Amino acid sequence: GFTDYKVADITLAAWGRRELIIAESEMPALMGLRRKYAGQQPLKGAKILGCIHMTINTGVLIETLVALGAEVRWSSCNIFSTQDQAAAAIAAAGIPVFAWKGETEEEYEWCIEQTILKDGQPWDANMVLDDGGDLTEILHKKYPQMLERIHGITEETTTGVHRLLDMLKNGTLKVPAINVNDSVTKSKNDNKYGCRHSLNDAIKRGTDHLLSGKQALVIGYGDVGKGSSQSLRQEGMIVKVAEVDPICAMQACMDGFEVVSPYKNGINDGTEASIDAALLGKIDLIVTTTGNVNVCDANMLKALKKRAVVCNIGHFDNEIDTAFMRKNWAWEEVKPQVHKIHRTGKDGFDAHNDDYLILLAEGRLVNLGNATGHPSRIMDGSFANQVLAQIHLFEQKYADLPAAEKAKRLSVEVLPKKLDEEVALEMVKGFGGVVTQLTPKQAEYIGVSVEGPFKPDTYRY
């Protein structure tokens, strides 16, 4: 008589279990942690509030935390990212999950609240696993008493880490965090190669458009922008890249991209006259990758080529000015997470109007909204880091330290390089890769241990 969940359709559970059993075979670092630590139960007593895309891959993470002794209460960090069969499989395993694909904003907030509360009272939570910081922010604003008993936060993504670092700077962060994002086996795996796999995937599922020989503008050339640019270029798109960071821009040039600004001489003065109308008039696809606000603004949307596709693979819905499009233009649903945005006006539209844009996932994460996000073998690295970060912070028991000792441990930190390397090795073995062992003379020659770490913490890979 387990009822402590809310999912689209519990009857999808058997399908979800079939997909979990396949995904496990794609996730050797995660399954290795299960086999290694199952006996020791290092998360026994851990009670984890989890807020991350309720996908099959997240399912393998959840069941790894549970297999290591954790109890969890789970929600999605995005209204469109859930795989309903994954959510069903987790609910049917007796794990509290509050997630479905196509939540309203009200339902999204209700789902997070259902993780925080059990039977109408704060759950005895002592750990947080977050993606983007929404759960972190709700706990700090609304449930500070709960944070007193929480040993730490493990934060998945660039945007969430930024929000943690703001809180640390302002003296408002109440518990230590591990920045899972900045593991090399996360940032330079998931952020880059995940988006390389999943961006063209989502655009194909959403539009089935030929990409080869068409014009893309990728806004950003960080990890996600690099992966996104490659996703499109490898399909034969002609990709132009926009950046504010000259080092990232230099990388775009050397990687064989033309670096352009949507604005004349790169100056965004907020006027239509500032828009390079000739450039935007030629673009078939714009992708936002920034973690920033209004990088595809109203004036850019007005200037875009007719029938251009617009999408966002970085954070929230405000990289693209969707608020402007809701206020001014008529939305025609093609199918779920695909809208034609008719630039002819707000009230009606002509079914045969040629002056529209195609918006994917209403400007939310396109890879998860219009496809299934990163593949298992990539998320294996991110999620092995999550499990190790949960173990580290849980075992440190911050909430049980004296005030003086808390002051010294209240930080946002990355996992040590040795763990990053061990996750990498399990990932390499999953490809059938064979890593060479240094000889003693070779290890002495370059000044490292035969078992590593092989690089100083300053190394950028």
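Each residue number is its position in the shown sequence, starting from 1.
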If you average the CA temperature factors over each stretch, which comes out higher, 346-354 or 197-205?
346-354
Would 120-128 or 77-85 have the larger average of its C-alpha temperature factors, as given in the entry?
120-128
Highest Cα temperature factor in the entry, among the options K429, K417, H53, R409: which one is it?
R409
Comparing C-alpha B-factors across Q234, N328, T372, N385 in this entry, the winner is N328
Ranking the modelled residues of this chain by C-alpha B-factor as given in the entry, is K340 in the lowest, middle or highest third?
middle
In terms of the CA temperature factor given in the entry, to which third of its chain does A29 belong: lowest, middle or highest?
middle
Split the chain's modelled residues into thirds by Cα B-factor; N189 lands in the lowest
For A298, return the chain-relative third of its C-alpha B-factor as stated in the PDB record: lowest, middle or highest.
highest
Considering every modelled residue of the chain and its Cα B-factor in the PDB entry, is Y221 in the lowest, middle or highest third?
lowest
